[PDB]
Amino acid sequence: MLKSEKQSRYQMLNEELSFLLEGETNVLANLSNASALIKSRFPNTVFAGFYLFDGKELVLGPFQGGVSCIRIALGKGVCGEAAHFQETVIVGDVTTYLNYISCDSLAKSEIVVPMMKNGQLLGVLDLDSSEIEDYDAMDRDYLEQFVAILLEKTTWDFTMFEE
Amino acid sequence: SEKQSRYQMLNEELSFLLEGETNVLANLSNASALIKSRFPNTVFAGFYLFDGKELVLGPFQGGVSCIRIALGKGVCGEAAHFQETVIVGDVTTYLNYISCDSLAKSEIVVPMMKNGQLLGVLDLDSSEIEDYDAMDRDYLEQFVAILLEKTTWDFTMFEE
Ligand SMILES: C[S@@](=O)CC[C@H](N)C(=O)O
Ligand SMILES: C[S@@](=O)CC[C@H](N)C(=O)O
């Protein structure tokens with residue numbers, strides 16, 4: 001995908017997220033549709049979704065794709081690395097990468113943007129592509145701005161679903 | 001009509017995934033992924049959880065969808081209100097239907113109950129007409145049963 005079109009796709013992506021979340025704070029509906037949205041803008045996406053922090057590790061959250069890894073310990077895997085340092089992590093080639101937890105998929109490249117609030121790790125937004133070297137700094141800046149529109153629009157509260 | 005083995009392989013696959021895993025989020029999320037990958041005509045496969053007064057979009061597989069469904073509204077509100085699995089053979093000639101995907105032609109919603117409480121519903125949309133019959137209701141209610149006994153409805157570990 002051309003750089004100018006990637007840039008454009010991301011501009012409509014982040015705007016649409018703002019339009020979608022306008023007036024909606026539910027973390028469940030937001031996290032869910034967010035993954036649906038990303039998946040609809042990037043065809044190479046083989047996985048788009050979240051992994052939330054259960055307090056001790058990362059457990060699978062709303063996502064788009066095939067059956068995936070359930071839990072992930074910090075430091076381990078691309079997602080584990082990201083959650084640890086709390087910084088985006090990109091992987092050009094996943095087949096020659098050393099710390100990559102392969103939960104199937106035809107993922108050749110992957111990126112993980114950490115979600116943070118009040119110095120606390122809420123979890124991570126992760127995307128896998130069917131193409132090698134498919135994520136760069138452009139993807140990094142827009143996905144972080146995405147996560148930012150997400151958290152800014154979402155009240156991290158699961159209260160309403162208990163009992 | 002061997003839609004049974006398909007569903008057997010599916011439900012056996014399900015128990016295996018929840019084997020030693022009770023997190024509501026991890027479980028509901030993979031359940032939608034599992035259904036989706038196992039049934040080709042699936043346009044939407046996911047859940048709508050009850051927030052106290054209405055249905056609210058939860059872990060699903062599909063395009064961007066409706067966020068909240070009032071009880072009694074649409075096929076999801078129906079299934080929720082009557083706490084009984086509902087089936088629609090032709091989504092277009094069904095009056096009380098809520099469209100969130102233009103490619104959906106038939107739909108089946110199966111309620112999720114626990115201790116006389118509505119937890120939510122499992123909603124499946126197909127791109128084919130009358131693609132769901134009594135066989136789907138049996139096997140999907142069998143899916144939900146297994147899902148609800150191996151899953152602890154607890155979000156507390158994500159709060160704060
Ligand atoms: C859904 S599945 O792709 C997840 C985890 C990830 N690739 C890892 O190295 O952490
Ligand atoms: C996600 S979508 O298929 C929603 C709706 C449902 N068919 C309606 O009658 O409730």
# chains A, B, ... in the order shown; residues from 1 in each chain; ligands from 1
>>> interface_residues(of="chain A", to="chain B", cutoff="6 Å", atoms="only C-alpha atoms", output="JSON, numbers by chain")
{"A": [28, 29, 32, 33, 36, 37, 54, 60, 61, 62, 64, 66, 67, 70, 157, 160, 161]}
>>> residues_near_ligand(ligand="ligand 1", cutoff="8 Å", atoms="only C-alpha atoms and all ligand atoms", output="mmCIF file with C-alpha atoms, in the first residue's frame")
data_model
loop_
_atom_site.group_PDB
_atom_site.id
_atom_site.type_symbol
_atom_site.label_atom_id
_atom_site.label_comp_id
_atom_site.auth_asym_id
_atom_site.auth_seq_id
_atom_site.Cartn_x
_atom_site.Cartn_y
_atom_site.Cartn_z
ATOM 1 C CA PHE A 47 -5.729 -9.905 13.351
ATOM 2 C CA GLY A 49 -7.771 -6.486 18.515
ATOM 3 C CA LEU A 60 -7.399 -11.770 25.081
ATOM 4 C CA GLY A 65 -9.602 -12.610 13.412
ATOM 5 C CA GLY A 66 -9.317 -16.347 13.997
ATOM 6 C CA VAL A 67 -9.052 -18.109 17.373
ATOM 7 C CA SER A 68 -6.059 -16.545 19.117
ATOM 8 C CA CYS A 69 -3.691 -16.728 22.085
ATOM 9 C CA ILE A 70 -5.590 -16.502 25.362
ATOM 10 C CA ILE A 72 0.337 -13.656 27.551
ATOM 11 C CA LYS A 76 7.187 -12.654 26.366
ATOM 12 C CA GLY A 77 6.042 -12.319 22.762
ATOM 13 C CA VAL A 78 5.712 -9.117 20.741
ATOM 14 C CA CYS A 79 2.668 -8.212 22.856
ATOM 15 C CA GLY A 80 4.555 -9.048 26.028
ATOM 16 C CA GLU A 81 7.469 -6.822 25.049
ATOM 17 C CA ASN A 99 10.561 -13.392 20.864
ATOM 18 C CA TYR A 100 7.355 -13.938 18.853
ATOM 19 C CA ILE A 101 4.492 -16.026 20.286
ATOM 20 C CA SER A 102 2.983 -17.666 17.204
ATOM 21 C CA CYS A 103 -0.697 -18.426 17.717
ATOM 22 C CA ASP A 104 -1.174 -19.622 14.135
ATOM 23 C CA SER A 105 -2.437 -17.107 11.571
ATOM 24 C CA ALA A 107 0.948 -13.252 10.162
ATOM 25 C CA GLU A 110 3.074 -7.260 13.435
ATOM 26 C CA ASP A 126 -2.255 -5.470 18.331
ATOM 27 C CA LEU A 127 -2.336 -5.984 14.565
ATOM 28 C CA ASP A 128 -0.895 -8.743 12.417
#
>>> residues_near_ligand(ligand="ligand 2", cutoff="6 Å", atoms="only C-alpha atoms and all ligand atoms", output="count of residues only")
11
>>> residues_around(residues="residue A:25", least_positions_apart="5", cutoff="8 Å", atoms="only C-alpha atoms", output="number ranges by chain")
A: 30, 153-155
>>> select_by_dssp(residues="stretch 63-145 of chain A", states="strand (DSSP E)", output="list in words")
residues 63, 64, 65, 71, 72, 89, 90, 91, 109, 110, 111, 112, 113, 114, 115, 116, 117, 120, 121, 122, 123, 124, 125, 126, 127, 128 and 129 of chain A
>>> write_last_selection(atoms="N, CA and C atoms", output="mmCIF file, in the first residue's frame")
data_model
loop_
_atom_site.group_PDB
_atom_site.id
_atom_site.type_symbol
_atom_site.label_atom_id
_atom_site.label_comp_id
_atom_site.auth_asym_id
_atom_site.auth_seq_id
_atom_site.Cartn_x
_atom_site.Cartn_y
_atom_site.Cartn_z
ATOM 1 N N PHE A 63 -11.579 -8.721 19.597
ATOM 2 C CA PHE A 63 -10.685 -8.675 18.458
ATOM 3 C C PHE A 63 -11.354 -9.187 17.201
ATOM 4 N N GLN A 64 -10.651 -8.996 16.095
ATOM 5 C CA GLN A 64 -11.103 -9.403 14.787
ATOM 6 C C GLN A 64 -10.072 -10.400 14.268
ATOM 7 N N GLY A 65 -10.513 -11.606 13.928
ATOM 8 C CA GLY A 65 -9.602 -12.610 13.412
ATOM 9 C C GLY A 65 -9.967 -14.009 13.872
ATOM 10 N N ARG A 71 -3.840 -16.050 26.978
ATOM 11 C CA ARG A 71 -3.096 -15.256 27.947
ATOM 12 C C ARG A 71 -1.663 -15.059 27.464
ATOM 13 N N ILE A 72 -1.041 -13.975 27.918
ATOM 14 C CA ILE A 72 0.337 -13.656 27.551
ATOM 15 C C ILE A 72 1.054 -12.949 28.698
ATOM 16 N N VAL A 89 5.825 -1.552 19.446
ATOM 17 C CA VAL A 89 6.839 -2.481 18.978
ATOM 18 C C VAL A 89 6.447 -3.007 17.608
ATOM 19 N N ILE A 90 7.341 -2.843 16.638
ATOM 20 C CA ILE A 90 7.076 -3.294 15.278
ATOM 21 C C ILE A 90 7.992 -4.450 14.897
ATOM 22 N N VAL A 91 7.493 -5.346 14.052
ATOM 23 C CA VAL A 91 8.264 -6.504 13.619
ATOM 24 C C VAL A 91 8.138 -6.710 12.107
ATOM 25 N N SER A 109 4.068 -9.945 9.590
ATOM 26 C CA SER A 109 4.574 -8.755 10.276
ATOM 27 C C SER A 109 3.548 -8.367 11.336
ATOM 28 N N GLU A 110 3.977 -7.629 12.356
ATOM 29 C CA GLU A 110 3.074 -7.260 13.435
ATOM 30 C C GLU A 110 3.490 -6.020 14.223
ATOM 31 N N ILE A 111 2.503 -5.303 14.753
ATOM 32 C CA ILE A 111 2.751 -4.103 15.547
ATOM 33 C C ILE A 111 1.887 -4.111 16.803
ATOM 34 N N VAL A 112 2.421 -3.596 17.904
ATOM 35 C CA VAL A 112 1.675 -3.569 19.156
ATOM 36 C C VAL A 112 1.791 -2.211 19.821
ATOM 37 N N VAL A 113 0.674 -1.498 19.911
ATOM 38 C CA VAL A 113 0.659 -0.186 20.539
ATOM 39 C C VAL A 113 0.087 -0.326 21.934
ATOM 40 N N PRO A 114 0.863 0.061 22.956
ATOM 41 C CA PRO A 114 0.459 -0.012 24.362
ATOM 42 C C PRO A 114 -0.580 1.019 24.753
ATOM 43 N N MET A 115 -1.552 0.606 25.559
ATOM 44 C CA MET A 115 -2.590 1.517 26.028
ATOM 45 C C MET A 115 -2.264 1.821 27.480
ATOM 46 N N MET A 116 -2.111 3.103 27.806
ATOM 47 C CA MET A 116 -1.769 3.524 29.162
ATOM 48 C C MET A 116 -2.714 4.575 29.717
ATOM 49 N N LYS A 117 -2.967 4.505 31.018
ATOM 50 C CA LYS A 117 -3.817 5.482 31.682
ATOM 51 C C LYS A 117 -3.359 5.602 33.131
ATOM 52 N N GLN A 120 -0.653 3.433 34.409
ATOM 53 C CA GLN A 120 -1.028 2.027 34.496
ATOM 54 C C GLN A 120 -1.253 1.406 33.121
ATOM 55 N N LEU A 121 -0.838 0.153 32.972
ATOM 56 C CA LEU A 121 -1.004 -0.564 31.716
ATOM 57 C C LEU A 121 -2.419 -1.114 31.624
ATOM 58 N N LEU A 122 -3.210 -0.590 30.691
ATOM 59 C CA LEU A 122 -4.577 -1.058 30.501
ATOM 60 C C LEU A 122 -4.574 -2.285 29.604
ATOM 61 N N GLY A 123 -3.620 -2.328 28.682
ATOM 62 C CA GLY A 123 -3.532 -3.449 27.765
ATOM 63 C C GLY A 123 -2.894 -2.992 26.470
ATOM 64 N N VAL A 124 -3.013 -3.787 25.413
ATOM 65 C CA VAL A 124 -2.406 -3.406 24.150
ATOM 66 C C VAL A 124 -3.255 -3.657 22.902
ATOM 67 N N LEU A 125 -3.105 -2.773 21.917
ATOM 68 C CA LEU A 125 -3.785 -2.889 20.632
ATOM 69 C C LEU A 125 -2.776 -3.615 19.761
ATOM 70 N N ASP A 126 -3.183 -4.711 19.148
ATOM 71 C CA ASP A 126 -2.255 -5.470 18.331
ATOM 72 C C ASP A 126 -2.804 -5.743 16.940
ATOM 73 N N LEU A 127 -1.931 -5.713 15.935
ATOM 74 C CA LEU A 127 -2.336 -5.984 14.565
ATOM 75 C C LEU A 127 -1.291 -6.851 13.909
ATOM 76 N N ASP A 128 -1.758 -7.838 13.154
ATOM 77 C CA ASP A 128 -0.895 -8.743 12.417
ATOM 78 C C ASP A 128 -1.288 -8.598 10.956
ATOM 79 N N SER A 129 -0.311 -8.654 10.060
ATOM 80 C CA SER A 129 -0.605 -8.544 8.638
ATOM 81 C C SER A 129 -0.163 -9.788 7.895
#
>>> residues_around(residues="stretch 8-16 of chain A", least_positions_apart="5", cutoff="12 Å", atoms="only C-alpha atoms", output="NGL selection string")
(:A and (1-3 or 21-22 or 33-43 or 138-150)) or (:B and (64))
>>> residues_around(residues="residue B:9", least_positions_apart="4", cutoff="12 Å", atoms="only C-alpha atoms", output="MDAnalysis selection string")
chainID B and resid 2:5 13:16 34:35 38:39 139 143
>>> write_last_selection(atoms="C-alpha atoms", output="mmCIF file, in the first residue's frame")
data_model
loop_
_atom_site.group_PDB
_atom_site.id
_atom_site.type_symbol
_atom_site.label_atom_id
_atom_site.label_comp_id
_atom_site.auth_asym_id
_atom_site.auth_seq_id
_atom_site.Cartn_x
_atom_site.Cartn_y
_atom_site.Cartn_z
ATOM 1 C CA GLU B 2 -24.328 -33.033 7.828
ATOM 2 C CA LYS B 3 -24.386 -29.707 9.609
ATOM 3 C CA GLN B 4 -24.159 -31.806 12.764
ATOM 4 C CA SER B 5 -20.540 -32.969 12.583
ATOM 5 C CA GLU B 13 -13.444 -27.461 19.890
ATOM 6 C CA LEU B 14 -15.109 -25.060 22.331
ATOM 7 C CA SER B 15 -14.689 -27.207 25.451
ATOM 8 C CA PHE B 16 -11.012 -27.594 24.603
ATOM 9 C CA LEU B 34 -14.485 -20.046 16.575
ATOM 10 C CA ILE B 35 -18.038 -19.823 15.240
ATOM 11 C CA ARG B 38 -16.295 -22.733 11.336
ATOM 12 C CA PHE B 39 -19.318 -21.340 9.420
ATOM 13 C CA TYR B 139 -26.352 -27.105 18.786
ATOM 14 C CA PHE B 143 -22.662 -24.193 22.676
#
>>> atom_distance(atom1="atom CA of residue B:69", atom2="atom CA of residue B:102")
17.4 Å
>>> atom_distance(atom1="atom CA of residue B:152", atom2="atom CA of residue A:59")
14.2 Å
>>> atom_distance(atom1="atom CA of residue B:111", atom2="atom CA of residue A:31")
22.3 Å
>>> decode(residues="stretch 17-61 of chain B", atoms="N, CA and C atoms", output="compact mmCIF listing (two decimals), in the first residue's frame")
# COMPACT_ATOMS: atom_id res chain seq x y z
N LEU B 17 -10.97 -25.16 24.31
CA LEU B 17 -10.48 -23.80 24.50
C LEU B 17 -10.76 -23.24 25.89
N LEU B 18 -11.90 -23.62 26.47
CA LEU B 18 -12.27 -23.14 27.79
C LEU B 18 -11.66 -24.04 28.86
N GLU B 19 -11.01 -25.10 28.41
CA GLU B 19 -10.38 -26.06 29.30
C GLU B 19 -9.27 -25.36 30.08
N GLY B 20 -9.55 -25.07 31.34
CA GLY B 20 -8.58 -24.40 32.18
C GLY B 20 -8.54 -22.91 31.92
N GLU B 21 -9.69 -22.34 31.54
CA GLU B 21 -9.77 -20.91 31.27
C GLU B 21 -11.18 -20.40 31.52
N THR B 22 -11.33 -19.58 32.56
CA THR B 22 -12.64 -19.07 32.90
C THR B 22 -12.85 -17.57 32.69
N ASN B 23 -11.89 -16.89 32.08
CA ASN B 23 -12.04 -15.46 31.87
C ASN B 23 -13.15 -15.16 30.87
N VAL B 24 -14.14 -14.40 31.31
CA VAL B 24 -15.28 -14.04 30.47
C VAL B 24 -14.88 -13.40 29.14
N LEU B 25 -13.93 -12.48 29.19
CA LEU B 25 -13.46 -11.78 28.00
C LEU B 25 -12.74 -12.69 27.02
N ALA B 26 -11.75 -13.43 27.51
CA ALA B 26 -11.01 -14.32 26.64
C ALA B 26 -11.95 -15.34 26.02
N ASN B 27 -12.84 -15.89 26.84
CA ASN B 27 -13.78 -16.90 26.37
C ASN B 27 -14.80 -16.42 25.34
N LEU B 28 -15.48 -15.31 25.62
CA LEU B 28 -16.46 -14.79 24.68
C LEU B 28 -15.81 -14.40 23.36
N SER B 29 -14.62 -13.81 23.45
CA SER B 29 -13.92 -13.38 22.26
C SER B 29 -13.53 -14.53 21.34
N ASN B 30 -12.94 -15.59 21.88
CA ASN B 30 -12.57 -16.71 21.03
C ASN B 30 -13.80 -17.48 20.52
N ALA B 31 -14.89 -17.46 21.29
CA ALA B 31 -16.12 -18.15 20.91
C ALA B 31 -16.64 -17.57 19.61
N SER B 32 -16.61 -16.25 19.49
CA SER B 32 -17.07 -15.61 18.27
C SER B 32 -16.13 -15.97 17.13
N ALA B 33 -14.83 -16.00 17.42
CA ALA B 33 -13.82 -16.33 16.42
C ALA B 33 -13.99 -17.75 15.95
N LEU B 34 -14.30 -18.64 16.88
CA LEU B 34 -14.49 -20.05 16.57
C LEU B 34 -15.70 -20.25 15.66
N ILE B 35 -16.84 -19.69 16.05
CA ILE B 35 -18.04 -19.82 15.24
C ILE B 35 -17.73 -19.31 13.84
N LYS B 36 -17.22 -18.09 13.76
CA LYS B 36 -16.88 -17.44 12.49
C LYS B 36 -16.04 -18.28 11.54
N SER B 37 -14.97 -18.87 12.06
CA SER B 37 -14.07 -19.67 11.24
C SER B 37 -14.67 -21.01 10.87
N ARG B 38 -15.69 -21.44 11.61
CA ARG B 38 -16.29 -22.73 11.34
C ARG B 38 -17.50 -22.68 10.41
N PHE B 39 -18.14 -21.52 10.29
CA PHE B 39 -19.32 -21.34 9.42
C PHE B 39 -19.11 -20.23 8.39
N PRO B 40 -18.70 -20.61 7.17
CA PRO B 40 -18.44 -19.67 6.07
C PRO B 40 -19.44 -18.54 5.77
N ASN B 41 -20.74 -18.83 5.75
CA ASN B 41 -21.75 -17.80 5.46
C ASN B 41 -21.94 -16.75 6.55
N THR B 42 -21.25 -16.94 7.66
CA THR B 42 -21.36 -16.02 8.78
C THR B 42 -20.89 -14.60 8.44
N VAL B 43 -21.77 -13.63 8.65
CA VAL B 43 -21.45 -12.23 8.38
C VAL B 43 -21.15 -11.55 9.72
N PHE B 44 -21.83 -12.02 10.76
CA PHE B 44 -21.65 -11.51 12.10
C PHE B 44 -21.78 -12.67 13.08
N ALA B 45 -20.90 -12.72 14.07
CA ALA B 45 -20.95 -13.76 15.08
C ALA B 45 -20.37 -13.17 16.36
N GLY B 46 -21.24 -12.84 17.31
CA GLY B 46 -20.74 -12.25 18.53
C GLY B 46 -21.80 -12.12 19.59
N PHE B 47 -21.47 -11.37 20.63
CA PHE B 47 -22.38 -11.21 21.76
C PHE B 47 -22.83 -9.78 22.03
N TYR B 48 -23.94 -9.69 22.75
CA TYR B 48 -24.51 -8.42 23.19
C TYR B 48 -24.80 -8.68 24.66
N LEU B 49 -24.09 -7.98 25.54
CA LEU B 49 -24.30 -8.19 26.96
C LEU B 49 -25.31 -7.23 27.55
N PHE B 50 -26.02 -7.69 28.57
CA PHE B 50 -27.03 -6.87 29.25
C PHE B 50 -26.29 -5.98 30.24
N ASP B 51 -26.52 -4.67 30.15
CA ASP B 51 -25.86 -3.71 31.04
C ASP B 51 -26.72 -3.33 32.23
N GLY B 52 -27.94 -3.85 32.26
CA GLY B 52 -28.83 -3.54 33.36
C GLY B 52 -30.22 -3.19 32.85
N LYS B 53 -30.29 -2.62 31.65
CA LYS B 53 -31.58 -2.26 31.07
C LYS B 53 -31.68 -2.51 29.57
N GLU B 54 -30.53 -2.59 28.90
CA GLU B 54 -30.53 -2.84 27.47
C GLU B 54 -29.34 -3.71 27.04
N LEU B 55 -29.34 -4.12 25.77
CA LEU B 55 -28.27 -4.93 25.22
C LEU B 55 -27.18 -3.99 24.73
N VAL B 56 -25.93 -4.34 25.00
CA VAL B 56 -24.80 -3.53 24.58
C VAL B 56 -23.77 -4.40 23.86
N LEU B 57 -23.39 -3.98 22.66
CA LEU B 57 -22.43 -4.69 21.83
C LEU B 57 -21.19 -5.20 22.57
N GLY B 58 -20.89 -6.49 22.42
CA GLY B 58 -19.74 -7.10 23.06
C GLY B 58 -18.84 -7.76 22.03
N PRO B 59 -17.88 -8.60 22.45
CA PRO B 59 -16.95 -9.30 21.55
C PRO B 59 -17.66 -9.93 20.36
N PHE B 60 -17.31 -9.50 19.15
CA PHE B 60 -17.93 -10.06 17.97
C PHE B 60 -16.94 -10.14 16.84
N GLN B 61 -17.37 -10.79 15.77
CA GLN B 61 -16.62 -11.00 14.56
C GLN B 61 -17.54 -10.42 13.47
